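*Asks:* Data file start.pdb (PDB, N, CA and C atoms) is appended below.
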ATOM      1  N   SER A   1       0.826  -1.203   0.000  1.00  0.00           N
ATOM      2  CA  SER A   1       0.000   0.000   0.000  1.00  0.00           C
ATOM      3  C   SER A   1       0.856   1.246   0.000  1.00  0.00           C
ATOM      4  N   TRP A   2       1.581   1.456   1.082  1.00  0.00           N
ATOM      5  CA  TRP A   2       2.404   2.652   1.242  1.00  0.00           C
ATOM      6  C   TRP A   2       3.744   2.479   0.558  1.00  0.00           C
ATOM      7  N   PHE A   3       4.745   3.208   1.014  1.00  0.00           N
ATOM      8  CA  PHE A   3       6.102   3.115   0.480  1.00  0.00           C
ATOM      9  C   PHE A   3       6.128   3.234  -1.029  1.00  0.00           C
ATOM     10  N   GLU A   4       5.107   3.840  -1.606  1.00  0.00           N
ATOM     11  CA  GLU A   4       5.014   4.030  -3.053  1.00  0.00           C
ATOM     12  C   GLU A   4       6.312   4.551  -3.626  1.00  0.00           C
ATOM     13  N   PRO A   5       6.742   5.697  -3.132  1.00  0.00           N
ATOM     14  CA  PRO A   5       7.978   6.476  -3.581  1.00  0.00           C
ATOM     15  C   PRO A   5       9.287   6.013  -2.985  1.00  0.00           C
ATOM     16  N   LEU A   6       9.236   5.461  -1.787  1.00  0.00           N
ATOM     17  CA  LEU A   6      10.421   4.917  -1.129  1.00  0.00           C
ATOM     18  C   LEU A   6      11.023   3.785  -1.930  1.00  0.00           C
ATOM     19  N   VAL A   7      10.198   3.080  -2.680  1.00  0.00           N
ATOM     20  CA  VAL A   7      10.664   1.972  -3.512  1.00  0.00           C
ATOM     21  C   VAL A   7      11.608   2.460  -4.588  1.00  0.00           C
ATOM     22  N   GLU A   8      11.342   3.642  -5.109  1.00  0.00           N
ATOM     23  CA  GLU A   8      12.074   4.163  -6.262  1.00  0.00           C
ATOM     24  C   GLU A   8      13.485   4.548  -5.884  1.00  0.00           C
ATOM     25  N   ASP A   9      13.641   5.154  -4.722  1.00  0.00           N
ATOM     26  CA  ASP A   9      14.964   5.461  -4.183  1.00  0.00           C
ATOM     27  C   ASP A   9      15.729   4.195  -3.876  1.00  0.00           C
ATOM     28  N   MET A  10      15.012   3.167  -3.462  1.00  0.00           N
ATOM     29  CA  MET A  10      15.599   1.844  -3.261  1.00  0.00           C
ATOM     30  C   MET A  10      16.124   1.272  -4.557  1.00  0.00           C
ATOM     31  N   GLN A  11      15.535   1.672  -5.668  1.00  0.00           N
ATOM     32  CA  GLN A  11      15.961   1.204  -6.985  1.00  0.00           C
ATOM     33  C   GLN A  11      17.278   1.826  -7.389  1.00  0.00           C
ATOM     34  N   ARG A  12      17.534   3.034  -6.927  1.00  0.00           N
ATOM     35  CA  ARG A  12      18.748   3.762  -7.290  1.00  0.00           C
ATOM     36  C   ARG A  12      19.981   3.009  -6.849  1.00  0.00           C
ATOM     37  N   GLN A  13      20.062   2.725  -5.562  1.00  0.00           N
ATOM     38  CA  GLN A  13      21.271   2.164  -4.965  1.00  0.00           C
ATOM     39  C   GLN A  13      21.308   0.660  -5.107  1.00  0.00           C
ATOM     40  N   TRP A  14      20.149   0.034  -5.028  1.00  0.00           N
ATOM     41  CA  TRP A  14      20.058  -1.423  -4.962  1.00  0.00           C
ATOM     42  C   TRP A  14      20.205  -2.047  -6.331  1.00  0.00           C
ATOM     43  N   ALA A  15      19.817  -1.319  -7.361  1.00  0.00           N
ATOM     44  CA  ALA A  15      19.996  -1.771  -8.738  1.00  0.00           C
ATOM     45  C   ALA A  15      21.459  -1.802  -9.111  1.00  0.00           C
ATOM     46  N   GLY A  16      22.227  -0.897  -8.533  1.00  0.00           N
ATOM     47  CA  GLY A  16      23.679  -0.907  -8.688  1.00  0.00           C
ATOM     48  C   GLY A  16      24.277  -2.159  -8.091  1.00  0.00           C
ATOM     49  N   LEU A  17      23.667  -2.649  -7.028  1.00  0.00           N
ATOM     50  CA  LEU A  17      24.077  -3.908  -6.410  1.00  0.00           C
ATOM     51  C   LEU A  17      23.754  -5.084  -7.303  1.00  0.00           C
ATOM     52  N   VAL A  18      22.657  -4.996  -8.030  1.00  0.00           N
ATOM     53  CA  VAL A  18      22.170  -6.110  -8.838  1.00  0.00           C
ATOM     54  C   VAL A  18      23.133  -6.431  -9.959  1.00  0.00           C
ATOM     55  N   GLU A  19      23.821  -5.420 -10.456  1.00  0.00           N
ATOM     56  CA  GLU A  19      24.775  -5.595 -11.550  1.00  0.00           C
ATOM     57  C   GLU A  19      26.054  -6.231 -11.060  1.00  0.00           C
ATOM     58  N   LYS A  20      26.435  -5.922  -9.834  1.00  0.00           N
ATOM     59  CA  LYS A  20      27.677  -6.428  -9.258  1.00  0.00           C
ATOM     60  C   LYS A  20      27.606  -7.924  -9.049  1.00  0.00           C
ATOM     61  N   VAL A  21      26.460  -8.396  -8.598  1.00  0.00           N
ATOM     62  CA  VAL A  21      26.294  -9.799  -8.227  1.00  0.00           C
ATOM     63  C   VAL A  21      26.077 -10.661  -9.449  1.00  0.00           C
ATOM     64  N   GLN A  22      25.345 -10.133 -10.412  1.00  0.00           N
ATOM     65  CA  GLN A  22      25.090 -10.834 -11.667  1.00  0.00           C
ATOM     66  C   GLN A  22      26.379 -11.222 -12.353  1.00  0.00           C
ATOM     67  N   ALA A  23      27.397 -10.393 -12.218  1.00  0.00           N
ATOM     68  CA  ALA A  23      28.635 -10.558 -12.976  1.00  0.00           C
ATOM     69  C   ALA A  23      29.593 -11.486 -12.265  1.00  0.00           C
ATOM     70  N   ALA A  24      29.911 -11.148 -11.029  1.00  0.00           N
ATOM     71  CA  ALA A  24      30.956 -11.840 -10.279  1.00  0.00           C
ATOM     72  C   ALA A  24      32.218 -11.965 -11.099  1.00  0.00           C
TER
END
Using the file provided, produce a representation of the structure as structure tokens.

*Replies:*
Amino acid sequence: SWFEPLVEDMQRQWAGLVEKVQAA
């Protein structure tokens, strides 16, 4: 329900993490 916009900021930093792990 909530955290509508908080998710998007989570995408900024956490998506950078997603690339690091995918590669190894």

*Asks:* Could you pull out the alpha helix (DSSP H) residues of chain A, going by DSSP on the backbone, and write them as a count of residues only?

*Replies:* 18

*Asks:* One number please: atom C of residue A:2 to atom C of residue A:22, in Å, one decimal.

*Replies:*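 Those two atoms sit 29.4 Å apart.
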
*Asks:* One decimal, in Å: what's the spacing between atom CA of residue A:9 and atom CA of residue A:23?

*Replies:*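 Rounded to one decimal, the two atoms are 22.8 Å apart.
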
*Asks:* By how many Å are atom CA of residue A:12 and atom C of residue A:24 apart?

*Replies:* 21.1 Å

*Asks:* With N, CA and C atoms as the atom set, please write chain A from the structure just given, as a short mmCIF file (atom, residue, chain, number, x, y, z; two decimals), in the first residue's frame.

*Replies:*
data_model
loop_
_atom_site.label_atom_id
_atom_site.label_comp_id
_atom_site.auth_asym_id
_atom_site.auth_seq_id
_atom_site.Cartn_x
_atom_site.Cartn_y
_atom_site.Cartn_z
N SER A 1 0.83 -1.20 0.00
CA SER A 1 0.00 0.00 0.00
C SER A 1 0.86 1.25 0.00
N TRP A 2 1.58 1.46 1.08
CA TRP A 2 2.40 2.65 1.24
C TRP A 2 3.74 2.48 0.56
N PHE A 3 4.75 3.21 1.01
CA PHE A 3 6.10 3.11 0.48
C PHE A 3 6.13 3.23 -1.03
N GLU A 4 5.11 3.84 -1.61
CA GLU A 4 5.01 4.03 -3.05
C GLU A 4 6.31 4.55 -3.63
N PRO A 5 6.74 5.70 -3.13
CA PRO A 5 7.98 6.48 -3.58
C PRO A 5 9.29 6.01 -2.98
N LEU A 6 9.24 5.46 -1.79
CA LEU A 6 10.42 4.92 -1.13
C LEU A 6 11.02 3.79 -1.93
N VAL A 7 10.20 3.08 -2.68
CA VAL A 7 10.66 1.97 -3.51
C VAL A 7 11.61 2.46 -4.59
N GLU A 8 11.34 3.64 -5.11
CA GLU A 8 12.07 4.16 -6.26
C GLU A 8 13.48 4.55 -5.88
N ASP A 9 13.64 5.15 -4.72
CA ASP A 9 14.96 5.46 -4.18
C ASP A 9 15.73 4.20 -3.88
N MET A 10 15.01 3.17 -3.46
CA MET A 10 15.60 1.84 -3.26
C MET A 10 16.12 1.27 -4.56
N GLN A 11 15.53 1.67 -5.67
CA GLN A 11 15.96 1.20 -6.98
C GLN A 11 17.28 1.83 -7.39
N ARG A 12 17.53 3.03 -6.93
CA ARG A 12 18.75 3.76 -7.29
C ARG A 12 19.98 3.01 -6.85
N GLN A 13 20.06 2.72 -5.56
CA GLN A 13 21.27 2.16 -4.96
C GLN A 13 21.31 0.66 -5.11
N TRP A 14 20.15 0.03 -5.03
CA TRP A 14 20.06 -1.42 -4.96
C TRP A 14 20.21 -2.05 -6.33
N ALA A 15 19.82 -1.32 -7.36
CA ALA A 15 20.00 -1.77 -8.74
C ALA A 15 21.46 -1.80 -9.11
N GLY A 16 22.23 -0.90 -8.53
CA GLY A 16 23.68 -0.91 -8.69
C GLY A 16 24.28 -2.16 -8.09
N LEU A 17 23.67 -2.65 -7.03
CA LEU A 17 24.08 -3.91 -6.41
C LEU A 17 23.75 -5.08 -7.30
N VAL A 18 22.66 -5.00 -8.03
CA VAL A 18 22.17 -6.11 -8.84
C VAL A 18 23.13 -6.43 -9.96
N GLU A 19 23.82 -5.42 -10.46
CA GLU A 19 24.77 -5.59 -11.55
C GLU A 19 26.05 -6.23 -11.06
N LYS A 20 26.43 -5.92 -9.83
CA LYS A 20 27.68 -6.43 -9.26
C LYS A 20 27.61 -7.92 -9.05
N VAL A 21 26.46 -8.40 -8.60
CA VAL A 21 26.29 -9.80 -8.23
C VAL A 21 26.08 -10.66 -9.45
N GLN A 22 25.34 -10.13 -10.41
CA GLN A 22 25.09 -10.83 -11.67
C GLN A 22 26.38 -11.22 -12.35
N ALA A 23 27.40 -10.39 -12.22
CA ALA A 23 28.64 -10.56 -12.98
C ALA A 23 29.59 -11.49 -12.26
N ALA A 24 29.91 -11.15 -11.03
CA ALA A 24 30.96 -11.84 -10.28
C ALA A 24 32.22 -11.96 -11.10
#
